[PDB]
2 protein chains.
Amino acid sequence: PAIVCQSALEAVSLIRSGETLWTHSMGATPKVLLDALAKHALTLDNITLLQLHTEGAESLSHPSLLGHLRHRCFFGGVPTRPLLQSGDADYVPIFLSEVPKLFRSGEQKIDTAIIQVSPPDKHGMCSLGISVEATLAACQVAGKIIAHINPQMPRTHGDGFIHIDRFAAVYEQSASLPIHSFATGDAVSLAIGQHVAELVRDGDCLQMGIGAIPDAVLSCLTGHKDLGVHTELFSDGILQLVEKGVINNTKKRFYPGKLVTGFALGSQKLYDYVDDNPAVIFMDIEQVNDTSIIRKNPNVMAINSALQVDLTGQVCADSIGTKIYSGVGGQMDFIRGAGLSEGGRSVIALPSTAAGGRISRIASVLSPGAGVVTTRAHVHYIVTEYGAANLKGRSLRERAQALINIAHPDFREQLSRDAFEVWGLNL
Amino acid sequence: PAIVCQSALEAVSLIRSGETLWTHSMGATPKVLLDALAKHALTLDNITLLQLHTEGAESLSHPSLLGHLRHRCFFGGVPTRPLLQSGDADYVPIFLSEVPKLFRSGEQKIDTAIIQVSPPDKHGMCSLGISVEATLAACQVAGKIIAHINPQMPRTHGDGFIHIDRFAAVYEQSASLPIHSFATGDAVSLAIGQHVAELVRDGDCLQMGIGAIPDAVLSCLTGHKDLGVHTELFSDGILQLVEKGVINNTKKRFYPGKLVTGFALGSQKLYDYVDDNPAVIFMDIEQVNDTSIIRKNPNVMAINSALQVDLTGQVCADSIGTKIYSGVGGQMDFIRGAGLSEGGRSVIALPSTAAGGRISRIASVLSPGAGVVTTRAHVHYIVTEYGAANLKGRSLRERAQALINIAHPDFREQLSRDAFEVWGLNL
Ligand SMILES: *SCCNC(=O)CCNC(=O)[C@H](O)C(C)(C)COP(=O)(O)OP(=O)(O)OC[C@H]1O[C@@H](n2cnc3c(N)ncnc32)[C@H](O)[C@@H]1OP(=O)(O)O
Ligand SMILES: *SCCNC(=O)CCNC(=O)[C@H](O)C(C)(C)COP(=O)(O)OP(=O)(O)OC[C@H]1O[C@@H](n2cnc3c(N)ncnc32)[C@H](O)[C@@H]1OP(=O)(O)O
């Protein structure tokens with residue numbers, strides 16, 4: 001009983017004022033529909049849009065939407081950062097795995113979910129494609145669903161399936177999926193990649209993010225074997241190790257033989273690989289990012305990044321001071337699960353500096369109001385282009401000492417000073 | 001094959017220089033043995049003593065031990081704070097549940113464990129008594145064990161049992177157990193107790209700490225029923241609700257009908273109640289403080305405290321700035337498990353002020369270097385003598401607004417100002 005709209009605007013029309021909306025996130029962001037909402041919303045007001053990291057939705061961040069629509073972010077992105085920092089949008093800190101629960105528990109109502117799916121099959125089944133994340137949970141509690149049928153959306157295996165009769169409206173058109181290739185090789189990335197690579201043992205169950213660092217790391221694993229994959233997301237980097245036989249998920253205990261993630265992002269080759277591939281399972285973040293599940297696999301290797309780290313090991317990765325940059329996500333859950341896993345190891349990899357090399361990512365103390373995503377007690381390894389530091393079980397003076405050893409040499413002196421002047425530690 | 005020493009000094013004598021020692025913590029701190037070590041250690045050197053919160057061991061913090069023994073704290077206490085702040089002792093941040101793993105994984109070696117147990121029974125079995133915590137794990141990997149047999153130590157049920165042949169030395173004498181009655185009723189405590197009490201539903205599975213706040217809360221639960229108990233520790237407060245029938249552990253799924261904790265601390269009546277009591281189970285912190293286990297019980301109610309909270313919800317509870325006050329402990333694991341539990345709720349209860357009322361516990365931003373124990377994403381409820389604030393799913397401006405509403409009115413104006421000047425939020 002879904003209405004087959006002839007235009008995106010016709011589909012978005014059902015949205016009424018004051019409604020709380022949810023949008024498919026990541027590579028699945030319904031750009032086609034969100035652009036139509038960029039106009040339709042002009043006639044509405046009090047529209048709240050819940051979301052995670054979004055791609056190609058900068059049309060909804062145009063000043064003309066101020067007063068009609070407001071973004072409510074569980075994770076910031078390129079089109080929302082300026083709005084968050086300018087106080088025009090709202091940032092709600094929350095573990096990614098907790099998002100599905102917030103919806104299902106009814107704590108956060110959702111009037112309508114905007115999503116992008118693959119065309120319905122003989123059974124009328126569609127797929128959430130490259131992004132299952134928390135949209136599946138949103139579609140469960142959503143008052144109504146507005147779907148955009150895109151023949152380009154791959155039919156991913158796992159929990160991304162949903163029946164077309166659960167849709168109030170439907171608009172079909174082939175559109176491009178954001179390939180996202182903003183990454184780029186670098187001298188520092190290679191260095192960090194090499195260091196991390198030495199911590200990776202054969203049969204390890206990987207978990208990583210996107211970027212130069214992750215890629216550099218993956219490029220140094222072409223010699224390992226029987227590696228597994230249980231991550232929040234994956235890109236082309238992984239695809240290459242799979243075709244090399246390096247990855248086979250043979251040593252995992254939870255869904256062995258198959259790759260598991262909450263979503264994917266990368267080139268068309270990747271989307272082609274995950275498309276209707278029995279070996280790739282896109283699972284609901286409430287599970288994939290559940291420490292209780294992650295710990296089930298032995299030798300988990302969790303590799304994440306950060307924005308700022310203090311001489312004590314407190315990790316900040318969702319913001320720079322009081323200005324929100326991204327979000328909590330799920331690096332913490334993976335870092336803990338990694339510690340609970342048999343022989344598991346975690347690693348926080350980041351460049352020793354930033355802003356061109358004038359700012360040290362390893363500061364003596366976190367900037368006033370810095371959002372702590374991962375705490376002292378959580379941290380295991382921290383790597384930089386200058387080496388690795390193991391803080392597990394190490395005291396404050398031991399941690400500070402090891403950290404300043406991987407910090408850029410242009411800041412060693414300062415860091416060492418504040419080690420005693422600020423923390424009162426004598427190395 | 002244990003050696004029956006005739007004096008505490010004779011037992012401690014086996015300890016040799018350069019050894020890494022572990023001591024029973026909390027109410028089980030082997031004062032009798034530790035006082036003998038206060039002297040014997042004078043002839044040794046390079047002695048490291050790993051520990052948690054200790055009681056009555058201030059003799060080991062005497063300047064005369066500097067150079068011979070050094071404290072390595074996983075959690076600070078009264079006799080160690082001055083040493084930590086003065087850089088004479090070491091503080092190792094770590095989740096309490098992770099301590100057993102650090103020992104078992106062999107990451108942290110232990111040459112000898114000093115412990116206090118109940119006399120051996122017909123089967124030669126002794127009990128770790130009121131403190132199981134991580135000592136059980138320490139006794140597992142310890143090179144040798146030096147036990148103090150105390151007829152006053154209650155024979156607790158659970159995992160505190162150990163055979164006397166696992167001891168290298170043994171000294172027996174009846175000694176007093178620290179009753180710990182430092183708590184004291186207050187106007188603010190009562191207020192906070194009342195507010196928290198309203199969040200507690202019947203059949204809730206409680207988890208709390210010691211102090212005026214917890215007691216005030218317990219005194220307001222004399223009207224509830226079918227309450228359960230799965231906590232890090234408990235005191236006289238709980239004992240009173242048990243004899244009132246209010247607590248019966250009938251609604252728990254993990255060890256129903258029985259009280260569960262890692263340790264106990266309170267008057268002789270309490271130690272008398274737990275003594276050989278089938279209904280009270282002292283379990284290993286690796287389990288009791290395991291979020292994977294805590295979440296198994298529905299309607300978990302986790303009530304903890306804090307030292308400083310920022311307008312965003314970041315919780316600091318192990319220190320004041322860069323000076324370590326206590327430790328990470330296990331409030332985070334309980335707060336998360338509480339969120340994962342069906343209908344579970346957590347609450348961070350603390351006085352709106354401190355230092356006589358000149359310092360606001362709710363600061364616009366955490367003090368430079370403040371140890372974050374519980375993060376933004378973790379927090380659910382925060383209560384003060386002025387009410388409660390729900391941050392779950394709330395944005396930064398919503399959180400700041402709610403927080404300043406329970407902050408002492410003498411700081412509302414300042415807090416509200418920095419809400420825009422520091423965080424750039426407009427309420
Ligand atoms: S499902 C997976 C989602 N994520 C998680 O679960 C955990 C959260 N992680 C993240 O958001 C990203 O992994 C972080 C920690 C941001 C690292 O990612 P990026 O690699 O994409 O970001 P950059 O390091 O390249 O930084 C972007 C800009 O900000 C500046 N900058 C970095 N660090 C600092 C510090 N400490 N102080 C001031 N500025 C800092 C850089 O200049 C950088 O510049 P651009 O021009 O924007 O590229
Ligand atoms: S196994 C369970 C143990 N705990 C955990 O797992 C979690 C960690 N928490 C704790 O150890 C305690 O719950 C904390 C958070 C310390 C609160 O406990 P206390 O109630 O015992 O401590 P007080 O609140 O009474 O504080 C002690 C002294 O320090 C001053 N003070 C408190 N807060 C501040 C701030 N924000 N700024 C400056 N000073 C502050 C008080 O004046 C207080 O005075 P005393 O005379 O020492 O009592």
# chains A, B, ... in the order shown; residues from 1 in each chain; ligands from 1
>>> residues_around(residues="residue 24 in chain A", least_positions_apart="5", cutoff="7 Å", atoms="only C-alpha atoms", output="PyMOL selection string")
chain A and resi 29-30+114-116+135
>>> interface_residues(of="chain B", to="chain A", cutoff="7 Å", atoms="only C-alpha atoms", output="number ranges by chain")
B: 87, 90-95, 292, 322, 365-366, 368-369, 372-373, 375-377, 393-396, 423-426
>>> residues_around(residues="residue 237 in chain B", least_positions_apart="4", cutoff="8 Å", atoms="only C-alpha atoms", output="PyMOL selection string")
chain B and resi 214-215+218-219+241
>>> closest_residue(among="B:387, B:361, B:285, B:165", to="residue 306 in chain B", atoms="only C-alpha atoms")
B:361
>>> residues_near_ligand(ligand="ligand 2", cutoff="7 Å", atoms="only C-alpha atoms and all ligand atoms", output="PyMOL selection string")
chain B and resi 209+211+232-233+304-308+317-318+320+325-331+350+354-356+359-361
>>> write_last_selection(atoms="C-alpha atoms", output="short mmCIF file (atom, residue, chain, number, x, y, z; two decimals), in the first residue's frame")
data_model
loop_
_atom_site.label_atom_id
_atom_site.label_comp_id
_atom_site.auth_asym_id
_atom_site.auth_seq_id
_atom_site.Cartn_x
_atom_site.Cartn_y
_atom_site.Cartn_z
CA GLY B 209 28.49 2.82 47.78
CA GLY B 211 28.40 7.31 52.88
CA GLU B 232 30.51 -3.59 44.42
CA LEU B 233 30.00 -3.42 48.17
CA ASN B 304 27.26 6.36 42.50
CA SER B 305 28.93 9.65 43.38
CA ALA B 306 31.38 12.12 41.87
CA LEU B 307 33.78 14.94 42.66
CA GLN B 308 33.23 17.28 39.71
CA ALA B 317 35.37 10.99 40.39
CA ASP B 318 38.96 9.82 40.96
CA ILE B 320 40.65 16.95 41.88
CA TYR B 325 42.01 11.44 45.33
CA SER B 326 40.78 7.87 44.83
CA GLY B 327 40.36 5.78 41.70
CA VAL B 328 38.36 4.58 38.71
CA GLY B 329 36.84 1.70 40.63
CA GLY B 330 33.75 0.39 38.94
CA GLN B 331 31.11 3.09 38.73
CA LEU B 350 26.72 14.48 44.69
CA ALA B 354 32.14 21.48 48.32
CA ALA B 355 34.92 23.03 50.38
CA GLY B 356 32.32 24.55 52.66
CA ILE B 359 33.38 25.38 45.24
CA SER B 360 30.69 24.23 42.81
CA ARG B 361 30.88 20.51 42.01
#
>>> select_by_dssp(residues="range 36-261 of chain B", states="alpha helix (DSSP H)", output="PyMOL selection string")
chain B and resi 36-40+81-85+99-104+135-141+187-197+212-219+236-242
>>> closest_residue(among="B:206, B:300, B:274, B:83", to="residue 62 in chain B", atoms="only C-alpha atoms")
B:83
